[PDB]
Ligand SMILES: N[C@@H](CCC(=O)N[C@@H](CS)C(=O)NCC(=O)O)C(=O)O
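In structure tokens, one chain follows: the form solved without glutathione (GSH).
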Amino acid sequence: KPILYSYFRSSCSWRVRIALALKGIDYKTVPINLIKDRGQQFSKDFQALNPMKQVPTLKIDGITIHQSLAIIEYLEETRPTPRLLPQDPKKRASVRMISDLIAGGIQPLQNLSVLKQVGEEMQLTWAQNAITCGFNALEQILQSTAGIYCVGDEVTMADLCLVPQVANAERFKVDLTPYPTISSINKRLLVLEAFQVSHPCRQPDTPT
């Protein structure tokens, strides 16, 4: 049975939990809380299951896969239904473009011990500028790719990266007023079951 190594409000592991929920794969979560006295990701316990020192990893089918997006595409390739990528290559590129922008273009610029090394004073204003310049970019894309959801009228890998990123912007008190397509898409997905049963307000690494 699949095992996932995750951090309850880690944006990137929420992505995998949504994908597991959408595919209907039962999975065990193994907590690793990442900031309690340098967290268990500076445990050099977690730093060679996946040497990147970070979230997530999925053991499945007798292998271990790191990187949220690589895991999600693995699940897409091996459990097709329901599809997380459209069939048309041109729209698949919109999905990957958007997810890469969030996963590689926005999230790295706001990751947390990115901002332990910033200097506490500049932690937030750098994450805010990062999310605003990204959301400035993203809204612009979604206004032509989006339909009901980020790409068209089906939930895709792009939406799995949207919801956790929008959750961070709110945590950083970033004003989504300028971003109506992002806001609207986010509301429509948060009413779906798989974005709820996976929510950081619904997961394992988690005290009272």
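One rule holds for the numbers: they count along the sequence shown, beginning at 1.
The question of which stretch, 89-97 or 104-112, has the higher mean Cα B factor is settled in favour of 104-112. Taking the mean C-alpha B-factor of each stretch as recorded, 14-22 and 192-200 are not equal, and the higher mean is that of 192-200. Take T29, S68, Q40, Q143 and read off each C-alpha B-factor from the entry; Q40 has the highest.
Within the group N136, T81, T78, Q117, the record's highest C-alpha temperature factor is found at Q117. In the PDB entry, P56 places in the middle third of its chain by CA B-factor. The deposited CA B-factor of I131 belongs to the middle third of values across its chain. Remark: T181 belongs to the middle third of its chain, ranked by C-alpha B-factor as recorded. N50 sits in the highest third of its chain by CA B factor, as recorded in the PDB entry.
In this PDB entry, the Cα temperature factor of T156 sits in the bottom third of its chain's modelled residues, the lowest group.
What comes next is about the form deposited with glutathione (GSH) bound, which is not displayed.
Within 2.4 Å of any backbone or C-beta atom of the shown chain, none of the atoms of glutathione (GSH) lands once it is superimposed from its position in the entry with it bound; the pocket counts as open. None of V118, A93, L112, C133 but one reaches within 4.5 angstroms of glutathione (GSH) in the entry with it bound through a heavy atom, and that residue is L112. Residue heavy atoms within 4.5 Å of glutathione (GSH) in the entry with it bound occur in exactly one stretch of 120-128, 80-88, 67-75, 133-141, and that stretch is 67-75. Glutathione (GSH) in the entry with it bound comes within 4.5 Å of a heavy atom belonging to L34. Contact check for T29: every heavy atom lies farther than 4.5 Å from glutathione (GSH) in the entry with it bound. In the entry with it bound, at least one heavy atom of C12 sits within 4.5 Å of glutathione (GSH). Proximity of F172 to glutathione (GSH) in the entry with it bound falls outside the 4.5 Å heavy atom cutoff. In the entry with it bound, glutathione (GSH) lies within 4.5 angstroms of at least one heavy atom of each of the following residues of 40-58: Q41, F42, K53, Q54, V55, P56, in sequence order.
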